[PDB]
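Engineer: Quick one: experimental structure and sequence below.
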Amino acid sequence: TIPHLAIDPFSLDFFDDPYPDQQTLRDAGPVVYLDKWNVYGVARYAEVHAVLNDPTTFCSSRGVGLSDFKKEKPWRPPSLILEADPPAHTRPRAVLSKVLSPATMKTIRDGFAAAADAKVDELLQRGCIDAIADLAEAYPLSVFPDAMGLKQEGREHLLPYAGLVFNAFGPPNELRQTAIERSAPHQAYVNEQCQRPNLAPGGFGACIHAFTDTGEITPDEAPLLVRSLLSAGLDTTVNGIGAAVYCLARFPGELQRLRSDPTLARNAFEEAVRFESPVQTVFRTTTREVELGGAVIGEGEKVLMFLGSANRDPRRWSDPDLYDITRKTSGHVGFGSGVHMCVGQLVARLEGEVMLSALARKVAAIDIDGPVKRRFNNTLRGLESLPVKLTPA
Ligand code: HEM
Ligand SMILES: O=C(O)c1ccc(-c2ccccc2)cc1
Ligand SMILES: [Cl-]
Ligand SMILES: [Mg+2]
């Protein structure tokens, strides 16, 4: 009843160009079985959205990667938010929502925007730059560690640690096994920075620890919630901003529309999140036998959701393969959907908005002028190198 496919969605060939195989996965049926890894797959918008919005049936506490925490020990203690179901999920979620709230955004926006303007001005003096190392990485590194309250020393561990986290959701391929092999120094650094005395006053980490006396979390929960922000809070934004610059580089007409109305910056970034889907995949585990798209999935089965495919499903989107900065993007699943929908989305959107605003006001053209190199990760989609010439406005 359910089609079986041999496509490996974690192979380098798939990462290099996922779109034909994602169409094959969508068109095979609402639910497929991936023989390579013994998981169910859903690649259409409708079923991805339905799964994400039924956390009781499709749980997260058995892991949101291939590994089933009921079968294998996780490589690090489980996240108290990502790898938890209601009700254990609810109060940690509420604390991070208040830490990364509108009022926090109001406190950090002016500095985030100044840093974005400064970075674009600096890049314009160089002219020819690498929009990954020099922009998509450099800008979040210039604002997010400071907003966390991290000391300066050791920050070189942050991107390696996040690459490890996101590779570890994948199957036991070389990408994952090599990441785990190299992990010990990065885990050591990150775990130490999660302790209250190592987080500067006023930053996100100190705020998490300050929430430990309300009855929502206890002091022993705060280090792992800081760990959540150091896991998910940087590499995601690197690939989101890199996606937006890559889109503007490939669609000069959309750069020109953005220049003409810089208030499109926030939606131009949201559209880049839909179009590239820097977070490609999440898993769930069934807690019962369940009917989904006419297939009966047994209890205890891993289900793989193709967020990037859902975001390009023509059943849901008009001209899905077009980058359109005035698209109505509401409903895309690039930040997830439902109770686990990205709790950091306001930080992500703030960074993306102020960077695209700086580009809109200061840059007249973005021209690829060197070999583009992709960066391979089991969960994240993005580039290793994006050589561009920036022409000043
Ligand atoms: C463009 C940037 C980002 C993208 C595309 C993204 C994507 C996502 C997605 C798809 C999920 C849902 C995972 C699931 O359903 O299992 C998620 C959850 C999460 N993200 Fe983001 N994220 C981004 C930025 C950030 C930032 C900046 C932070 C923190 C500062 C962050 C922290 C988290 C956390 C803690 C969760 C778990 C929430 C929960 O389980 O309730 N993310 N993210
Ligand atoms: O450590 C955390 O809590 C954390 C790690 C990774 C993510 C993540 C985001 C999107 C997809 C998969 C995982 C979320 C939270
Ligand atoms: Cl760790
Ligand atoms: Mg068929």
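Structural biologist: Done, it's in. Residues are numbered from 1 along each chain as shown. Ligands and ions are numbered 1, 2, ... in the order given.
Engineer: drop to CA atoms for contacts and neighbour counts, all remaining ones
Structural biologist: OK.
Engineer: need the strands for the protein, in chain order.
Structural biologist: 4-5, 32-34, 39-42, 58-59, 128-130, 281-286, 290-292, 295-297, 302-306, 363-368, 373-375, 382-385, 387-392 (DSSP state E).
Engineer: which stretch among the ones you listed comes nearest ligand 1?
Structural biologist: strand 281-286 (5.7 Å; C-alpha to the nearest ligand atom).
Engineer: which other helices and strands contact that closest one?
Structural biologist: strand 58-59, strand 302-306, helix 307-310 (3 or more C-alpha pairs under 8 Å, 6 or more residues apart in numbering; DSSP states H and E).
Engineer: got the strands of the chain as TSV, with mean neighbour count columns?
Structural biologist: Below are the strands of the chain laid out as TSV (neighbours: other C-alpha atoms under 10 Å):
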stretch	mean neighbour count
strand 4-5	16
strand 32-34	21
strand 39-42	22
strand 58-59	24
strand 128-130	20
strand 281-286	25
strand 290-292	13
strand 295-297	16
strand 302-306	27
strand 363-368	19
strand 373-375	14
strand 382-385	20
strand 387-392	20
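Engineer: I'd like these as JSON lines, with distance to residue 268 appended.
Structural biologist: Compiled in JSON lines, the strands of the chain are given as follows (distance: least, C-alpha to C-alpha, whole Å):
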{"stretch": "strand 4-5", "distance to residue 268": "35"}
{"stretch": "strand 32-34", "distance to residue 268": "33"}
{"stretch": "strand 39-42", "distance to residue 268": "27"}
{"stretch": "strand 58-59", "distance to residue 268": "32"}
{"stretch": "strand 128-130", "distance to residue 268": "21"}
{"stretch": "strand 281-286", "distance to residue 268": "22"}
{"stretch": "strand 290-292", "distance to residue 268": "34"}
{"stretch": "strand 295-297", "distance to residue 268": "37"}
{"stretch": "strand 302-306", "distance to residue 268": "22"}
{"stretch": "strand 363-368", "distance to residue 268": "15"}
{"stretch": "strand 373-375", "distance to residue 268": "22"}
{"stretch": "strand 382-385", "distance to residue 268": "17"}
{"stretch": "strand 387-392", "distance to residue 268": "18"}
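Engineer: For residue 178, find the nearest of those strands.
Structural biologist: Residue 178 sits nearest to strand 373-375 of all these, at 14.9 Å, using C-alpha to C-alpha.
Engineer: Quick check: neighbours of the closest one in the sheet, parallel or antiparallel?
Structural biologist: strand 382-385 (antiparallel) (DSSP bridges).
Engineer: which residues are contacting the partner strand?
Structural biologist: Contact with strand 382-385 is made by 130-133, 239, 242-243, 278, 371-376, as judged by C-alpha atoms under 8 Å, 6 or more residues apart in numbering.
Engineer: List only those of these flagged as buried.
Structural biologist: Buried members of those, scored by 16 or more other C-alpha atoms under 10 Å, are 130-133, 239, 242-243, 278, 376.
Engineer: Tell me the one among the residues you listed nearest to residue 64.
Structural biologist: When these are compared against residue 64 (criterion: C-alpha to C-alpha), the nearest one is residue 278, at 16.2 Å.
Engineer: What separation do you get for that closest one and residue 375?
Structural biologist: Computed as C-alpha to C-alpha, to the nearest Å, the residue 278 to residue 375 distance reads 11 Å.
Engineer: for ligand 2, what are the nearby residues on the stretch 51-200 of the chain?
Structural biologist: Proximity of the stretch 51-200 of the chain to ligand 2 (C-alpha under 6 Å from any ligand atom) is limited to residues 79, 81-82.
Engineer: Now do residue 1 against residue 28, distance only.
Structural biologist: 11 Å.
Engineer: of the two, who's got more company?
Structural biologist: residue 28 (15 against 9; other C-alpha atoms under 10 Å).
Engineer: quick one: contacts for that one?
Structural biologist: Counted by C-alpha under 8 Å, 6+ apart, residue 28 has contacts residue 3.
Engineer: now do 10 Å
Structural biologist: 2-5, 22, 43 (C-alpha atoms under 10 Å, 6 or more residues apart in numbering).
Engineer: what would those look like in JSON lines with distance to ligand 2?
Structural biologist: Shown next, in JSON lines, are the contacts of residue 28 (distance: C-alpha to the nearest ligand atom, whole Å):
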{"residue": "2", "distance to ligand 2": "26"}
{"residue": "3", "distance to ligand 2": "26"}
{"residue": "4", "distance to ligand 2": "25"}
{"residue": "5", "distance to ligand 2": "24"}
{"residue": "22", "distance to ligand 2": "18"}
{"residue": "43", "distance to ligand 2": "16"}
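Engineer: Most widely separated two among these?
Structural biologist: Across the contacts of residue 28 (C-alpha to C-alpha), the longest gap, 16.6 Å, separates 2 and 22.
Engineer: out of those two, which sits in the busier spot?
Structural biologist: residue 22 (23 against 16).
Engineer: Verify the stated contact: the more buried one with residue 43.
Structural biologist: Yes - counting by C-alpha atoms under 10 Å, residue 22 touches residue 43, with 6.9 Å between them.
Engineer: between those two, what contacts are shared?
Structural biologist: Common neighbours of residue 22 and residue 43 (C-alpha under 10 Å, 6+ apart) are 28, 306, 308-310, 312-313.
Engineer: follow-up on the earlier one: now, the residues of the stretch 51-200 of the chain next to ligand 2 that are in helices?
Structural biologist: Using DSSP state H, no member of these sits in helices.
Engineer: Let me know the closest of the residues you listed to ligand 1.
Structural biologist: For these, the nearest to ligand 1 is residue 82 (3.3 Å; C-alpha to the nearest ligand atom).
Engineer: so who does the closest one touch?
Structural biologist: Contacts of residue 82 (C-alpha under 10 Å, 6+ apart): 60-61, 63-64, 89, 92-93, 225, 228, 232, 340-343.
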